[PDB]
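1. coords below, sequence missing:
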């Protein structure tokens, strides 16, 4: 990995054992689940295509999701080279070459190039590109391997609105659509699947109460009622 | 996180995986109890808005406190822009831009900018403002889940007053009541509620009563804690 | 191992129990399975021959596979000294210490002479070179595997289709047959992990179909779960 | 231990009490075994005779065998003195005194001499020389349970032979045996212990047996008609 | 191979089936050294595993003649 680009003065660091231990043991205990993705970005800080390939290729299992992941990075790679026209005549010898789709993927490109790119003035975002591409991969996985659809998450007859709300946001993390969609669901879908004892009172709150109004609601019906949360 | 340098101004380096694990350790062990803030703070020491963001995105449980905390930091950002004028007029050639409320959260600002504020003399305190905003969220969420009011907080009839301070202190520390309301509860409601043997000594020594003398008292009223505490 | 591997101003650090405890947890969990080679290359980053031998002496199981590892190291050393021949009597410009195979293996070399190669300009990177022989040996362990069929494919009401494809991928990434065969097996048997109706649907998508298209598909006629109401 | 100085000849760093404890926890709390040896080698990076001694004397477990190693290092010292006759009284002006066996063991030598000879040119590596004696002594402690040879290795009647091979090459690694005895063993004693229908492959392999040939041997060797060459 | 069918009749069909597949030579070679003798009659596994099932095509059709039917029928192409 290479860090210190912001204000210049970058340092190359070798691949760390303890990053590939952290990476393996999270994905093993939790699976490719929504809580991997900012952890994967954090572990991937300043990583080369080769630093990225080392991590990716030490995953072990889950070869359905990895092979789905691999296919997706290959689409983006094949996309890339056809949205970048090939250079007109000779490329000057002092000029640094452009990265291709297979170089971003680390398939045709060696570590010595990658460092040169990342220590160039200003730096080539080759790694940012491989990580967004991996992240489309991870994102697609979490769609395919869904725990349950957000659409059909409903409160029970005698399940409480706070217990429901824990499930609601837990599952809403699992859903992969855009933020207008997920602002919708808190606005709308939260109420329409809520249980009938609670739902009369949620249309008294209407579709732009404060989160504290939603939190204060619904202790007089559902679960062990008013005492449950204060005793 | 930004770290101390001898060769110039402080240099930015990546998050440790041991720090992200220590974070998830402390959240697991303490459950957003108000002892979190010392450990939030100590992990938050050199921390960028990108680091603080990362702390906020790696929390997997705690759905409601997490949403409520998000509502608080976004509200501080929107107050901050109303609070500070935009200034429409030109800035000197190569001058660093003024930090907006969104810039403090790192939604309009990138880590190259963030280190650039950081490495002025004295710093513009962009993550120290952000971290204070978060700290108010944690405290409101402590108070949010407090089980009975300070002005409602009582000892059982079969209690030797021994442990009435545990309950009394942590629901006063949530509420943040006045020393004068505390004196009024202590002269009125406290004496009225307090165990017989303790209540003689609390009337005798007024509302500023010696804490130890109650605690020494109450050896023969029976039940849970009447035998002495030991180290 | 050494700080700033082939980069100047180079500083030896001792072999850490963190790096050997991770080398232990890998062999215990998953032995010599192919996905350790990136972990093993990260472990071997900056490593001297002496560090590599300490890594090998730690393995106390699998001795027959380890003697083969060892034999293969002895064969590779022997090739290195037949491709680069060993000298008889004093060296003509005087002894500069050119790494022979036995020196590569840490047998007839000092730690100064190993480092010396890393601090010489152009360098001779002996560790990368010894590492390649060890990776040849660990790949050759996987070819001593107990018989596992790549034509015997399964697909019945026991695992999901994803999970059959996950089996199939493990089988191919453990199988060290030809890359043209391994693609061939993949084009021939990808669909053959589903039930008869799922296969009819799978083939109806076409010969450009990918695993994300297949794993949304089989609408109502698929494997265990993931097909909604059944027809 | 002794480490690189940046402005002159090596300097001493102070021995790790944290790893010195995790050392002793694998001497005292379990039975001797081959992975004890590299855990001592890893500890011993740059270790002086005085540090080697500490590694012995903070050990309190297994005093018989510790003593047997102590006694070995005495033999090695009295041996070193019969191979390297150092004269009586004071060394010459202008050159470094030569170490005796007592100077290797730290009995007669001081820290300054110990970091002296190690940094000298020609170097006497006193601390590497002393460690190798201890590596032999430990290697005897693991063979002091059981001097197991090829007569004690047995292939149970229904045993798939695989374990026999593993223990056979463990046996030859652990204490080096003669080439002639091994040609006798791969041509007679192994064939006699092998399963009846497997005896033709292993008898054909005979006194020329090779690890790759042995590691794949015995796959589908039963059934109608004889087989005799390993595929 | 048919249960009383000749080993050369099977192998004539097999190389016929290899001819018509558009596959690589390496693919054909994995089938020749991992499929060919495996899909044969067991009485032919007796002597053509004993050669080793990945050995030359000459000694394949030299061996194994007493297994099955009489063999030698000219093809009508």
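-> Yep, it's here. Residues are numbered from 1 along each chain as shown, chains lettered A, B, ... in the order given.

2. Next, residue A:218: secondary structure please.
-> coil (DSSP: H, G, I helix; E, B strand; the rest coil).

3. Leaving out chain neighbours, which residue sits closest to it?
-> Once flanking residues are discounted, residue A:218 sits nearest to residue A:161: 3.4 Å by C-beta to C-beta, 6 or more residues apart in numbering or on different chains. (Each C-beta comes from the backbone N, C-alpha and C, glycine too.)

4. Could you do residue A:175 as well?
-> residue A:150 (4.4 Å).

5. Surely the one you found and residue A:173 touch.
-> No: the criterion here is C-beta atoms under 8 Å, and residue A:150 misses it with residue A:173 at 9.5 Å.

6. Neighbour count: these two, which is higher?
-> Shown here are residue A:150 and residue A:173; by other C-beta atoms under 10 Å in any protein chain shown, residue A:150 has more neighbours (20 against 17).

7. so who does that one touch?
-> A:171-172, A:174-175, A:185, A:189 (C-beta atoms under 8 Å, 6 or more residues apart in numbering or on different chains).

8. Repeat that for residue A:217.
-> Contacts of residue A:217 (C-beta under 8 Å, 6+ apart): A:161, A:198, A:201-202, A:205.

9. Enumerate the residues of chain A near chain E.
-> Applying the criterion C-beta under 8 Å from any C-beta of the partner chain, no portion of chain A neighbours chain E.

10. what does chain A put close to chain C?
-> A:12, A:14-18, A:20-21, A:53-55, A:57-68, A:71-72, A:140, A:144-145.

11. From those residues, which land in helices?
-> Among the residues of chain A next to chain C, DSSP state H puts A:17-18, A:20-21, A:53-55, A:63-68, A:71-72, A:140, A:144 in helices.

12. ok, which stretches of chain A are strands?
-> A:2-3, A:11-12 (DSSP state E).

13. which of those strands sits most buried?
-> Highest mean neighbour count among the strands of chain A (mean count of other C-beta atoms under 10 Å in any protein chain shown): strand A:2-3, with a mean of 18.

14. which helices and strands does that one pack with?
-> Helices and strands touching strand A:2-3, by 3 or more C-beta pairs under 8 Å, 6 or more residues apart in numbering or on different chains; DSSP states H and E, are strand A:11-12.

15. next one: the strand it packs on to chain centre, how far?
-> Relative to its chain's centre, strand A:11-12 lies at 27 Å (C-alpha atoms, centre = their mean, to the nearest Å).

16. go on, stretch A:119-134?
-> In terms of C-alpha atoms, centre = their mean, the centre of stretch A:119-134 is set 18 Å apart from its chain centre.

17. So which bits of it are buried?
-> Residues of stretch A:119-134 classed as buried by neighbour count (16 or more other C-beta atoms under 10 Å in any protein chain shown): A:119, A:123-124, A:126-127, A:129-131, A:133-134.

18. so what's residue A:9 closest to, chain neighbours aside?
-> Closest residue to residue A:9 apart from its sequence neighbours, by C-beta to C-beta, 6+ apart: residue B:11 at 6.9 Å.

19. same deal with residue A:181?
-> Once flanking residues are discounted, residue A:181 sits nearest to residue A:175: 7.8 Å by C-beta to C-beta, 6+ apart.

20. what's the distance between the one you found and residue A:186?
-> 12 Å (C-beta to C-beta, to the nearest Å).

21. Now for the residue in chain A that chain D sits nearest to, how many residues are close by?
-> Across chain A, the shortest distance to chain D (C-beta to the nearest C-beta) belongs to residue A:17, at 14.5 Å. For residue A:17, the neighbour count with other C-beta under 10 Å is 20.

22. ok, how many other residues are close to the nearest residue to it once chain neighbours are set aside?
-> Spatial nearest neighbour of residue A:17, chain neighbours left out: residue C:22 (4.8 Å); criterion: C-beta to C-beta, 6+ apart. By other C-beta under 10 Å, 18 other residues sit near residue C:22.

23. my read: residue C:22 touches residue A:19, true?
-> No: in this structure, residue C:22 is not within contact of residue A:19 by C-beta under 8 Å, at 10.5 Å.

24. In chain A, what residue spans correspond to helices?
-> For chain A, the helices defined by DSSP H cover A:17-30, A:37-43, A:49-56, A:63-82, A:101-104, A:111-118, A:126-144, A:161-172, A:179-187, A:189-192, A:196-205, A:211-216.

25. Enumerate every residue touching residue A:67.
-> C:165, C:169, C:211.

26. among those residues, who's most crowded?
-> The most crowded member of the contacts of residue A:67, judged by other C-beta under 10 Å, is residue C:165 (23 neighbours).

27. Burial check on the closest residue to that residue other than its chain neighbours, number of neighbours?
-> Spatial nearest neighbour of residue C:165, excluding adjacent residues (C-beta to C-beta, 6+ apart): residue A:64 at 4.6 Å. By the criterion of other C-beta under 10 Å, residue A:64 has 25 neighbours.

28. Would you confirm that residue A:64 contacts residue C:166?
-> Yes: the pair residue A:64 / residue C:166 is scored as a contact, 4.1 Å apart, by C-beta under 8 Å.

29. closest to residue D:109 out of the strands of chain A?
-> The closest of those to residue D:109 is strand A:11-12. By C-beta to C-beta, the value is 41.4 Å.
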